[PDB]
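# Fold and geometry: a report
One-letter residues, chain by chain:
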Amino acid sequence: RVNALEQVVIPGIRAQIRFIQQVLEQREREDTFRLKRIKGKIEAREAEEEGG
Amino acid sequence: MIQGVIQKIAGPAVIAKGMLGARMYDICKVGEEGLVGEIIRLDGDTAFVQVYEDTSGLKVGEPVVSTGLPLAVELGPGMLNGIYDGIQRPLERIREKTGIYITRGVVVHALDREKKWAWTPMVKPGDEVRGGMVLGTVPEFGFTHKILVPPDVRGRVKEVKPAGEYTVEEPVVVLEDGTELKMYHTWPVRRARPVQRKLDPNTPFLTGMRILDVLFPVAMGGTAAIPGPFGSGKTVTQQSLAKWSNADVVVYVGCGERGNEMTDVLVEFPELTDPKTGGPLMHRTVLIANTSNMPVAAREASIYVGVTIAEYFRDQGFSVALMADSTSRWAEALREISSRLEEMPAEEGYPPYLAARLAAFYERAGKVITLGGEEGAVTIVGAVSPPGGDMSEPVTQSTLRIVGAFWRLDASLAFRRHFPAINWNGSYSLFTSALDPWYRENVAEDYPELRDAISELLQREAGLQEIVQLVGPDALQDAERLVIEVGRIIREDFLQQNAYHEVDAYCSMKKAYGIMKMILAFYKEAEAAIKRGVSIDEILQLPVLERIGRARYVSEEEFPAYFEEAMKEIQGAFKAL
Amino acid sequence: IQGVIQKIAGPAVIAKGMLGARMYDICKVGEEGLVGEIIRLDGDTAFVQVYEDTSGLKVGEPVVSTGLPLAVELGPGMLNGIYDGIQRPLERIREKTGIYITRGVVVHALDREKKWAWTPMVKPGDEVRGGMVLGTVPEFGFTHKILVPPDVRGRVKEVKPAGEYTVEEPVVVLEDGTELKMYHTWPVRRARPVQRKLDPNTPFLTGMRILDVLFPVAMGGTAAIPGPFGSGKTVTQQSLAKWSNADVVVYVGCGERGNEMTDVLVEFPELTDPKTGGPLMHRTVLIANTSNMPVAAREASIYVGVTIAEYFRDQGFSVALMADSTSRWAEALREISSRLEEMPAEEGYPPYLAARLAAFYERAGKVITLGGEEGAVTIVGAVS
Amino acid sequence: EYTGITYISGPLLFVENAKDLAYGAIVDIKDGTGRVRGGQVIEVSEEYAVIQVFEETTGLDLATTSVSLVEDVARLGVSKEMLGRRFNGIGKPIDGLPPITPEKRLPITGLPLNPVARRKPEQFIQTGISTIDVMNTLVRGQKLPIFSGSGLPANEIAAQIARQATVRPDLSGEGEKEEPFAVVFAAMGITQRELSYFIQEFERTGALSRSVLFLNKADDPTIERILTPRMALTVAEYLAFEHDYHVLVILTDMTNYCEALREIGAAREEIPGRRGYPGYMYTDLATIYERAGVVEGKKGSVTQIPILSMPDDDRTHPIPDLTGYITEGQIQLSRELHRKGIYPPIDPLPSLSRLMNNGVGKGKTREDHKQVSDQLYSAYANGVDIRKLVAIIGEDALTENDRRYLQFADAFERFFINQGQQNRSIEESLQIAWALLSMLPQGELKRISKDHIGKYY
Amino acid sequence: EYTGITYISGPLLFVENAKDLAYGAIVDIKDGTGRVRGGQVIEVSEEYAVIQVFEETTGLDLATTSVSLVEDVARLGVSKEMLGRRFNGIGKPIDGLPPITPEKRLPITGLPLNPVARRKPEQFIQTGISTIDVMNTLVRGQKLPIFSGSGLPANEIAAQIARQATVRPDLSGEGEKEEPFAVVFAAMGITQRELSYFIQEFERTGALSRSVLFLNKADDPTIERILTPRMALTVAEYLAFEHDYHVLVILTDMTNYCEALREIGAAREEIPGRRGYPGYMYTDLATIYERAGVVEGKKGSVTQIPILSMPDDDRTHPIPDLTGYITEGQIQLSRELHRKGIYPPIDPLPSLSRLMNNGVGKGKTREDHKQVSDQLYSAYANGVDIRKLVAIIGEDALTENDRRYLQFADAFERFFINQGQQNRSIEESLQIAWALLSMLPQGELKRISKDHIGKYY
Amino acid sequence: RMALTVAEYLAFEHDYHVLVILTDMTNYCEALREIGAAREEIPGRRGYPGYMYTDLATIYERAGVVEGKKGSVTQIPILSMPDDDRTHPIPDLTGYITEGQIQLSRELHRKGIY
């Protein structure tokens, strides 16, 4: 059990959280980028009242 | 007046221009066939119209004339027996006047005025009336479907029509206040019917399964919820309030129930007969559910027009069981709003309005005495799913797990034979310290004691479970397999129940009481078996374990005499051996 | 300059009437003069990052600006001197506002209302060397050498005899013109010039055997102590600086705890030096920020101290800087960069985190100055 | 012919001088490649409109652009006789002869079917795979997606259902062989092998004179991957309902669907909201699946069989997500039985079923597999699960009792789940099934009744 | 007027002549349905403001829109007669008595206390509990979170211990008649049960004649949610610092508060932080726990206790991460205790106060308390590991010492952790301890002094 | 890229062989990433530039042997791993780019091998 644990199990049960984490995290680049372009629209709209 | 035409038609939504006088969250008439919109934003003379029916031919320069009602639900009789929409349009009238296909721009009466209903007055012309007072009793089947005075309206009577049929539109009591009380009356869907006070839940609701009460108790006047990832038994768990509930008023409403699931479940009610009523199951089911064949924006309306219907019933003085079939569907519909309006929702794919309109739905009605002196109790059960398959998200925490009961499902769990299935540990009930009074007095003064005592054993086996999957038992002892086998029997017969069979479950005190006493017996004696020198191997091989394994098929009526003969066999096939 | 408020979103303010505004410029927004700072200009308007929260501020007010870039204040009074992350004296705040703090507070950054000692260590007709000799202040710590800042090597006129002179009072002026007073202003975002950066070669005592004798980092290291405080770890941090061979200690935190961080402050005069034999408080600079402290207080935290140690370095003192809660420093920065166009892109933190992280260690260590004096800025990085 | 571009990139164009266009309208256009393409007015605007071309832009100059409102609504000519003919996503017949004359020109958007107009079906069919016709019971007007991984076959298994699809003659108590049985196809993205592979098993079927094929290739535009689905199903509606025939519709490559769905997802205005895919996705998988259902007053039916091909074996992936919920009763394929050589490689252990005692297993559907389904479940489970539990507890450790569990695993799976070119009738199933069930003594066989046991002894 | 409307996305409203109006104001808006609505005036421009309606989102119209400027600065009147009042939410009559009396005006948003005038704790509170007075030691003026789960009920174990608490500082030499006690409860998102279950218990024994209540209903919008703690925080100030009272803040479910915030910020053009939760949180969470503590020269102090919910109690969630820096020490409720039915669920093992020596000292809690706390720690902990060895190897095959360490754990849950609503003193809890420890020999007593062993067994 | 181009001159033309001993590419990614975070090339792959390879293309291009001229230019990248795992782009993308790899592990570090 000792032998086994220090190899396949333990860091493997780690790398699972890590892999998960990173992909959850990176997904939220697209969130911000989209949200950016959303912002751009909103301001662009109130900038046609006062200009072009 | 409110007038204007279509500026930019994009998706099911229409963005209007020229809107003058338009007010927020108010019903409209849209296009030229009548599709009915809602003002869900203003920006001066443009207002984003959200159109509940999908668009398909509508174009620029077409009418947009708002009615000026605050998406009012039309309250009156004819609710019982008859399918309706989540947007409240009777499906009876659609099928007969179109065809078998749902077409856009079908507009018919929300509350039929192609019906009349026998009037019995009660109120006298010499009296005054009060908000929340009974004007007479309309007889709708075996139920008592009173007629009440809309809250915030009173006067002094001067006439009251005498008995006869009258159309719901015609008055039946008139007043000196410039008004006429009709059986056709507006109440907003954004404003709740007023309550006299809130009461503390203290009677439990019997949801007639021996695992959705006995182990995790649910309250009457409560709120509860069950989830279900990716079709694990999300739809099936309402076959457990189909008729094994104690409600006198059953409201089946779905945010979106797909086509295949109304091929069996929706047709199930005119093909059944409820035993509590003594009469038909559809007499006592309102039906105001929405299909997914029905447009995406009709899914968003659903909830607020059926919750008020639930209040209308609660007021009369009847137990109301409201259950929103897959409440998860209103969230996608709400979430589509953002896309179309140029906004971006709450991060990680969560809907843009979280707590605000979820907490509101649940607490709209629930354990409240009325203006009119009657006992209102609303039992609401959200049958959500996590869209991404995570049971850790805002909307589960705020109002789907902080309620009376929280439950869970696994995927190979339900497949063995548990329909529906629950996680023994990971599932709790918050309300359980307030459901102890009635259970003490009515059932027995050891019903609250035995139900905590069964739950203890069920969750203590978990202790060993882990080690089994770590390196195993290489040593079987007398104290080992004790908890382990017992608990086995308990998960095998007490949590494997079916909702498709009336012998595997049913609403009955005595069945729950009974089964749980048999298991108590087997358990009791086992602890004193081992001490004497009785191998757990032989404990399996008593036929009495099999006697408790044939209590989940037993006929309901037969059970009393059955139970009494069987309690004796345990105690005889233990103390002897 | 002087301008007018246009928007208020959040704690931040945005105000036009700015033009010819410097970058990292002194801003005192409103008629309340909330301690703020001009940043990244846009159009004929600017974005203004206001440390202190705004909630009484109305738009359209006058905004007074100095028109000179914010700098760190360096003079006497710093040894045995309590200050925060804006660098105001937290106890003269207690006397002039009471127990509670009501925002828009501005007081001098050093004790300038005292009359401080002086002795001339130069005369007229001689030339000064930058980073060294001007005149010393005798204090009850050791001494504190009030030296002229770098690149000022010119001739001096009029050096006044040893006595007592306020910080704002002059004792010296230059023959070639350009006047100077005992208080000196040095840029927050720049570090002083050196001649070599040396190599570390004098061991850094910590006063407990195992710590330094087994694992030395010597004088000019960079170390770390991980795991959160409250495990009795704080034992290590106090005693470290307390025993350790130096002549000045600077203690600094940022996002540190509640009451546990106020135990430290009162127990600080109750720590005792081995060299002087009296309190450590005599020869300690505080610039700690708690966590009730303003938004960007904690974010500016670091930089202050760095600079301040370099002053004591140039003098020929050994300093011992203790960077508590490096991990919690990042909290503020995330918040600020969210509300701007420096949005997250790394992994739950902005990618300008690594940039602001480095410089704190890069600009410290054991090196020789323009003044030719040695001293060290040993850092111990409690990440926590 | 309206000229004046503003944005062109992909099958989404924007062009001005418009307000005469309606939602869902056939226009035509001109391009610089000297060709006339298509366009559905998916969205409409103040003095422009969003157009969706039925072909990829590979050339379109700003000197020459055109718009001509052909028709106000958008439609396809559909007639009674079109069986025996092949078609493509454009909607031209690929046969080589003049295009047939309509009877109705029905919209391609789709008209939903009333939930009131249906009623519970109960007439079962032979799929030629035992496992389905016992456990889930595939009846008319019911969906049953066959979940398929990526790196897994999808084509192989599909073919088995197409040549062994057949009503019971009176094994259920009746037939529907008295009315013509026919099949409809429509592929949404197919390569070089999948093209011919399907066609040569349809000559096995003997059906190529009574089937309607709406083949969409990957050399065919990417925009027609989501047009064709709706389109195909309207030619289902026409022939099952209004000409009373039991039509089997089989939809495959609902991952190539999802590729095209994604495109419009982010390239249009709308933002992602289903973990990096659209939020109007729901409607896109609703309008598709919810059409199908046996209607009460009609003899005929649209039986839809979705065949997925979803990326890997994730279950958080958009596709299996929504699909799960939608369908009532499901079937899965995995890689447990695809390393053994067992075609099909159905695995019901993680799989789920929601209709098997819900108007099925009772009614005009036999009750003699009623208790069998319930039994097979917990019995098959005892199997698979402990195969895992053995490698932890010991390396060969299994007790008297658990020995039996695992004994019934290897056996059931081999015999039963290898069908393929072998057809088993309702009777043939149950016989064999009970004889593997005799491996467990009485007490695990509590669920089967006294009758059942002897019945199929 | 203030006419001009642009965006009513949800509970937004814009108004012209935003230059008189300010940031951090609160205002009456006039609408044609006759409704009176507050709403803080946020994101002000010189043309456009943002106001956020304290009543629903229905009745806003573009015909009647006006704004009565109340006062630009955040306001809220404070009274000293708040010591027997009862109020829900912001501060609205549930006692039927006037809401406020102006004896002073303090905002709900200011800048907390100098640390130069912050004293440390030196007294103690008795909640009448064991484990939160022995193993972890809460004292007068202390920061200390109670980490609950969402599966678990936050809310019960909150109001239980609420009314139950009666200060006791006899041993220090200060009475209950030279120490007043004020219990402040501020909740949010409470259901219909929870909203009535509280008021009842509070009214039961006197805990509402010597306390003031707050609890923000679930029918109320998410904008009022936020002001709820900031409200009761500011009241706690005017009592303890300015009349010498010792208050106890009990916040309940922090998550709901942070959810709400997120929607305000998203419409105030900011990006949320990690796990999709607010990143502008750090500051706001700080001011609520850092505007409590002791004061130099004032005997009073606000003691801070928040309660939060966590889906699985992990640290991966932002919700504990943030908190855990600004607060000292930790209490956390685990699943294992609660399931079996033990109240409170508090496990002493994940827990540890960071301050227990910088609170009370020797002779103020009896001198033996100190070492008897690190006895019981090690005695318990040893036994929760041989409960999963109670039947593998057994306890009959185990040492004498370890056999006692089993039974010890069991009696610890029964008698020490659990006591329900019964009260206890420092002295009666140390009594329990001794009895349990007599069972262990003197040879197994090594975590106390020779003085302590000879003090009692 | 300065070190690189500079060397190409002296390398081929003057005919002297040199070996460019390049150290931590970590600090390369780090600094690079900031820039694309205000011009909106949105760096991320796992939180490191997704435009990484693009820039490293020219920089590591001269690392083989030319024909004609003698002397050449050879890259020797030297960089740590934040984890053993080859998932994160610090070793992963670098892997693909360059010609094979040589790890020193920690498997012998642990023992006192040097």
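Residues numbered from 1 in each chain as written, not as in the entry; some residues may be left out. Chains lettered and ligands numbered in written order. Part of a larger assembly, values for the part shown. Heavy atoms only, no water. Residues with missing side-chain atoms left out of burial classes, pairs and counts.

This part covers the interface of chain B and chain D. Interfaces are often sized by the accessible area lost when the parts come together. In this complex, chain B contributes 20 residues to the contact, which on the side of chain D involves 23 residues. For the side of chain B that touches chain D, the secondary-structure elements that each account for two or more residues are β1 (5-10) and α7 (413-416) of chain B. Sort the elements by how many residues they give to the side of chain B that touches chain D and β1(B) lands first, with three residues. Class assignment for the residues of the side of chain B that touches chain D results in 11 nonpolar, seven polar and two charged. (Contact = heavy atoms within 4.5 Å. Helix = DSSP H or I, 4+ residues; strand = E, 2+ residues; numbered from the N terminus. Nonpolar A, V, L, I, M, F, W, Y, C, P; charged D, E, K, R; others polar.)

Now for the interface of chain E and chain B. Each partner contributes to the interface: chain E provides 15 residues, whereas chain B provides 14 residues. Residues of the side of chain E that touches chain B, tallied by class, amount to eight nonpolar, six polar and one charged.

A separate point is the arrangement of the chains. Most contacts, compared over the four pairs of chains touching, are made between chains B and D. Spatially, chain D and chain E are disjoint, and the shortest separation between their C-alpha atoms is 13 Å. One thing to see here is that chain E and chain F don't touch, and their nearest C-alpha atoms sit 14 Å from each other.

All right, on to unusual backbone geometry then. Note on backbone geometry: most residues besides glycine have negative phi, and most peptide bonds are trans. Cis geometry is found at the peptide bond from D:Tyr343 to D:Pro344, where omega equals 0°. Locating D:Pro344 in the fold gives a position in the loop between β19 (331-332) and α9 (370-384). For C:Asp151, which is not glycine, the phi torsion reads 80° and is therefore positive. Looking at where C:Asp151 falls in the secondary structure, it is placed in the loop between β10 (143-146) and β11 (156-157). For E:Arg275, which is not a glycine, the phi torsion comes out positive at approximately 55°. Counting through the fold element by element, E:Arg275 comes out in the loop between α5 (254-265) and α6 (281-289).

We now examine the sheet that holds strand β6 (residues 62-69) of chain C. Residues and elements named next belong to chain C. The antiparallel closed barrel is built from six strands, whose spatial order is β1-β2-β5-β4-β3-β6. Strand after strand, the sheet turns through a mean of 40° between neighbouring axes, direction not considered. Taken together, the three bridges between strand β1 (residues 2-9) and β6 define a ladder with antiparallel strand orientation. When the sheet's bridge partners are listed, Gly-3 is paired in β6 with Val-63. (Pairing = 2+ DSSP bridges. Axes fitted to C-alpha atoms, helices over the stretch in contact; angles between N-to-C directions.)

Moving on, we come to the sheet that holds strand β18 (residues 307-308) of chain E. The pairing of strands in a sheet comes from backbone hydrogen bonds and takes either a parallel or an antiparallel form. Spatially, β18-β10-β19 (chain E) is the arrangement adopted by the three strands of the open sheet, whose pairing is parallel. Of all strands in the sheet, those with a lone pairing partner are β18 and β19 (331-332) of chain E, marking the two edges.

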